[PDB]
Each structure stands twice: as C-alpha cells, then as structure tokens.
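Written below as structure tokens is the structure these notes are about.
Residue numbers (PDB author numbering): 745 to 811.
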C-alpha cells in the first residue's frame, strides 16, 4: 500500500541514516502504521535492510546527490 510520501521518506532515511518507524514518524509527523508501511516498501526496494531481532534496520542506499 504505496504512499505519496515515499520519496520524501527515502530522502530522510538516506540523509539521516536512520530507518526506525519512530524516526520516520517524527520527521514527517505521521502515524505509526503509515510510517511502517513506507519502511516496508523501502525494504522491498533495497533501500534498507530487513529488521534485526529488535526491529532495527540499516540504511543501504546512498544519500541523494547534491548536483
């Protein structure tokens, strides 16, 4: 269930290198379910790793280009 804010979430996670649901919630001022669905979309796209046993993920993709 795809979201218009996906690209903005990917800019945040690849700039910040944080991909927790709480970090995305705080940045975009959105709810848990909506943030969680975008992070699962990022995992399908190879932007972030699967979650570890504690739900933490690592950001794989590079930050946005500056030119």
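Ideal Cβ placement from N, Cα and C applies to all residues, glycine included.
Once DSSP output is grouped into helix, strand and coil, what is the label at residue i?
i: residue 754; result: helix
Ends of the alpha helix (DSSP H) at residue i?
i: residue 772; result: 765-772
i: residue 784; result: 776-788
Measuring alpha carbon to alpha carbon, tell me which residue in the options is nearest residue i.
i: residue 808; options: 755, 777, 750; result: 755
i: residue 687; options: 747, 745, 758; result: Residue 687 lies beyond the stretch modelled for the chain, which goes from 745 to 811, so this question has no answer here.
i: residue 748; options: 790, 804, 779; result: 779
i: residue 745; options: 786, 760, 770, 793; result: 786
i: residue 772; options: 805, 750, 802; result: 750
When we look at the beta-carbon of residue i and count the other beta-carbons within 10 Å, is it buried (16 or more) or exposed?
i: residue 782; result: buried
i: residue 789; result: exposed
i: residue 805; result: exposed
Practice prompt. Evaluate contact between the stretch 766-779 and the stretch 794-805, counting only Cβ atoms and requiring at least three cross-stretch pairs below 8 Å.
Written response: no
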